[PDB]
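Heads up, the thing below is written out as structure tokens.
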Amino acid sequence: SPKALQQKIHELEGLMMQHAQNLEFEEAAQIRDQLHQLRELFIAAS
Amino acid sequence: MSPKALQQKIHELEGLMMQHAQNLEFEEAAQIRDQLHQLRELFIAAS
Amino acid sequence: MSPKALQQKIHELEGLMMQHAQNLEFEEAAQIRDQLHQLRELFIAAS
Amino acid sequence: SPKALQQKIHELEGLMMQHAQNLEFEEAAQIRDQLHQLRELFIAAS
């Protein structure tokens with residue numbers, strides 16, 4: 001549901017923010033595209 | 001290829017890396033990050 | 001600032017230094033000589 | 001005399017050659033200008 005999606009979306013967004021903060025890109029990169037689908041599924045699932 | 005040159009690019013890169021990261025451009029963010037790693041060590045040898 | 005770049009200038013300088021020396025231009029001959037000294041050590045760190 | 005000068009001239013010229021060969025410039029440089037005067041004194045003293 002939009003609720004979970006909105007849920008997942010912010011979840012990764014904090015991980016993504018966190019890694020990058022520790023210069024841990026890569027993960028930063030993977031989480032970043034994960035967020036890419038979900039946004040889409042969101043918009044889809046709305 | 002002096003400590004001064006090194007420090008210059010070294011500190012320059014430090015911003016660019018961060019800047020990309022800000023725009024979610026990792027990868028680059030990462031490559032610049034390991035560039036700096038060397039660059040550092042180089043500097044310590046030019047000294 | 002890679003081993004390849006280093007090796008290149010490093011080996012280039014090696015001739016120039018010698019070349020001057022040939023024309024009695026020491027000093028330069030000497031400065032290039034200590035340049036190479038660093039350059040060497042740098043290379044060993046870029047590796 | 002021209003003889004000694006000619007003598008000294010080659011003496012340094014071999015030292016000069018030798019140092020440079022071992023990359024010992026500086027000396028190479030000092031001996032080099034020593035040779036500079038003697039040539040002159042030669043030409044003078046002839």
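Letters for chains follow the order of the structure tokens (A, B, ...), residue numbers begin at 1 for each chain, and ligand numbers begin at 1 in the order shown.
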
Which residues of chain B come within 8 Å of chain A, and what is each one's closest atom pair and distance in Å (one decimal), counting only C-alpha atoms, sorted by chain and residue number, as JSON lines?
{"residue": "B:21", "atom": "CA", "partner": "A:20", "partner_atom": "CA", "distance": 6.8}
{"residue": "B:24", "atom": "CA", "partner": "A:32", "partner_atom": "CA", "distance": 7.4}
{"residue": "B:25", "atom": "CA", "partner": "A:29", "partner_atom": "CA", "distance": 7.8}
{"residue": "B:26", "atom": "CA", "partner": "A:25", "partner_atom": "CA", "distance": 5.5}
{"residue": "B:27", "atom": "CA", "partner": "A:26", "partner_atom": "CA", "distance": 6.4}
{"residue": "B:29", "atom": "CA", "partner": "A:25", "partner_atom": "CA", "distance": 6.9}
{"residue": "B:30", "atom": "CA", "partner": "A:25", "partner_atom": "CA", "distance": 5.7}
{"residue": "B:33", "atom": "CA", "partner": "A:23", "partner_atom": "CA", "distance": 7.8}

Chain C residues near chain B (8 Å cut-off, only C-alpha atoms) as a ChimeraX atom specification: /C:38,41-42,45-46

Atoms kept (N, CA, C and O atoms) for selection, written as a PDB file, in the first residue's frame:
ATOM      1  N   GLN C  38      62.966  12.110  -5.590  1.00  0.00           N
ATOM      2  CA  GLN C  38      61.626  12.185  -5.042  1.00  0.00           C
ATOM      3  C   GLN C  38      60.685  11.333  -5.895  1.00  0.00           C
ATOM      4  O   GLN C  38      60.080  10.394  -5.399  1.00  0.00           O
ATOM      5  N   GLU C  41      60.630   7.684  -5.286  1.00  0.00           N
ATOM      6  CA  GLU C  41      59.884   7.455  -4.062  1.00  0.00           C
ATOM      7  C   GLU C  41      58.393   7.705  -4.225  1.00  0.00           C
ATOM      8  O   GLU C  41      57.551   7.003  -3.657  1.00  0.00           O
ATOM      9  N   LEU C  42      58.036   8.725  -5.007  1.00  0.00           N
ATOM     10  CA  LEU C  42      56.607   8.954  -5.213  1.00  0.00           C
ATOM     11  C   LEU C  42      56.014   7.715  -5.884  1.00  0.00           C
ATOM     12  O   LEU C  42      55.133   7.097  -5.297  1.00  0.00           O
ATOM     13  N   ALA C  45      55.058   4.901  -4.113  1.00  0.00           N
ATOM     14  CA  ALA C  45      53.848   5.081  -3.321  1.00  0.00           C
ATOM     15  C   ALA C  45      52.583   5.062  -4.170  1.00  0.00           C
ATOM     16  O   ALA C  45      51.513   4.659  -3.703  1.00  0.00           O
ATOM     17  N   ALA C  46      52.664   5.498  -5.424  1.00  0.00           N
ATOM     18  CA  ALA C  46      51.484   5.451  -6.284  1.00  0.00           C
ATOM     19  C   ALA C  46      51.139   3.998  -6.598  1.00  0.00           C
ATOM     20  O   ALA C  46      50.018   3.684  -6.998  1.00  0.00           O
TER      21      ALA C  46
END

Atom pair atom CA of residue 41 of chain D / atom CA of residue 7 of chain D: separation (Å): 12.7 Å

Interatomic distance, atom CA of residue 11 of chain A to atom CA of residue 39 of chain A (Å, one decimal):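 Between atom CA of residue 11 of chain A and atom CA of residue 39 of chain A the gap works out to 12.6 Å.
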
Distance in Å - atom CA of residue 13 of chain A versus atom CA of residue 46 of chain A: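 A separation of 20.0 Å between them.
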
Nearby residues (only C-alpha atoms) at most 10 Å from residue 34 of chain B, same-chain spacing under 6 positions excluded, as a PyMOL selection string: chain B and resi 17+28+40

Give me a file of those residues, with N, CA, C and O atoms, as an mmCIF file, in the first residue's frame.
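Saved result, out10.cif, follows:
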data_model
loop_
_atom_site.group_PDB
_atom_site.id
_atom_site.type_symbol
_atom_site.label_atom_id
_atom_site.label_comp_id
_atom_site.auth_asym_id
_atom_site.auth_seq_id
_atom_site.Cartn_x
_atom_site.Cartn_y
_atom_site.Cartn_z
ATOM 1 N N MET B 17 33.977 15.646 -4.220
ATOM 2 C CA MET B 17 33.460 14.345 -3.807
ATOM 3 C C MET B 17 32.158 14.550 -3.028
ATOM 4 O O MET B 17 31.153 13.900 -3.287
ATOM 5 N N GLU B 28 31.121 8.071 -8.784
ATOM 6 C CA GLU B 28 31.953 9.250 -8.813
ATOM 7 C C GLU B 28 32.326 9.637 -7.383
ATOM 8 O O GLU B 28 33.521 9.762 -7.107
ATOM 9 N N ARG B 40 46.397 11.481 -0.646
ATOM 10 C CA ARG B 40 46.868 11.644 0.720
ATOM 11 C C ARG B 40 48.270 11.046 0.835
ATOM 12 O O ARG B 40 49.246 11.788 0.867
#

DSSP alpha helix (DSSP H) selection over chain B, as a ChimeraX atom specification: /B:3-22,28-46

Save out the residues we just selected, C-alpha atoms, as a PDB file, in the first residue's frame.
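The resulting again35.pdb:
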ATOM      1  CA  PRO B   3      52.937  18.880  -0.894  1.00  0.00           C
ATOM      2  CA  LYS B   4      51.457  22.225  -1.886  1.00  0.00           C
ATOM      3  CA  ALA B   5      50.128  20.904  -5.193  1.00  0.00           C
ATOM      4  CA  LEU B   6      48.990  17.744  -3.444  1.00  0.00           C
ATOM      5  CA  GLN B   7      47.259  19.630  -0.654  1.00  0.00           C
ATOM      6  CA  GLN B   8      45.581  21.764  -3.287  1.00  0.00           C
ATOM      7  CA  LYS B   9      44.067  19.005  -5.419  1.00  0.00           C
ATOM      8  CA  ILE B  10      43.599  16.928  -2.277  1.00  0.00           C
ATOM      9  CA  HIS B  11      41.525  19.611  -0.665  1.00  0.00           C
ATOM     10  CA  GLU B  12      39.799  20.490  -3.938  1.00  0.00           C
ATOM     11  CA  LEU B  13      38.742  16.879  -4.505  1.00  0.00           C
ATOM     12  CA  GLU B  14      37.381  16.750  -0.981  1.00  0.00           C
ATOM     13  CA  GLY B  15      34.640  19.181  -1.966  1.00  0.00           C
ATOM     14  CA  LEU B  16      33.842  17.775  -5.372  1.00  0.00           C
ATOM     15  CA  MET B  17      33.460  14.345  -3.807  1.00  0.00           C
ATOM     16  CA  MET B  18      31.100  15.750  -1.221  1.00  0.00           C
ATOM     17  CA  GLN B  19      29.264  17.798  -3.844  1.00  0.00           C
ATOM     18  CA  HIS B  20      28.432  14.788  -6.012  1.00  0.00           C
ATOM     19  CA  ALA B  21      27.358  12.861  -2.922  1.00  0.00           C
ATOM     20  CA  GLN B  22      25.018  15.745  -2.240  1.00  0.00           C
ATOM     21  CA  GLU B  28      31.953   9.250  -8.813  1.00  0.00           C
ATOM     22  CA  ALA B  29      31.478  10.140  -5.155  1.00  0.00           C
ATOM     23  CA  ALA B  30      33.244   6.893  -4.383  1.00  0.00           C
ATOM     24  CA  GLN B  31      35.962   7.114  -7.056  1.00  0.00           C
ATOM     25  CA  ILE B  32      36.942  10.611  -5.993  1.00  0.00           C
ATOM     26  CA  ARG B  33      36.988   9.212  -2.475  1.00  0.00           C
ATOM     27  CA  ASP B  34      39.614   6.585  -3.264  1.00  0.00           C
ATOM     28  CA  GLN B  35      41.535   9.040  -5.433  1.00  0.00           C
ATOM     29  CA  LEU B  36      41.947  11.148  -2.326  1.00  0.00           C
ATOM     30  CA  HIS B  37      43.085   8.096  -0.416  1.00  0.00           C
ATOM     31  CA  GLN B  38      46.130   7.757  -2.681  1.00  0.00           C
ATOM     32  CA  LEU B  39      46.596  11.472  -3.041  1.00  0.00           C
ATOM     33  CA  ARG B  40      46.868  11.644   0.720  1.00  0.00           C
ATOM     34  CA  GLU B  41      49.579   8.961   0.928  1.00  0.00           C
ATOM     35  CA  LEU B  42      51.340  10.593  -1.996  1.00  0.00           C
ATOM     36  CA  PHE B  43      51.480  13.947  -0.180  1.00  0.00           C
ATOM     37  CA  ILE B  44      52.960  12.237   2.863  1.00  0.00           C
ATOM     38  CA  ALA B  45      55.753  11.051   0.557  1.00  0.00           C
ATOM     39  CA  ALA B  46      56.342  14.348  -1.254  1.00  0.00           C
TER      40      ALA B  46
END
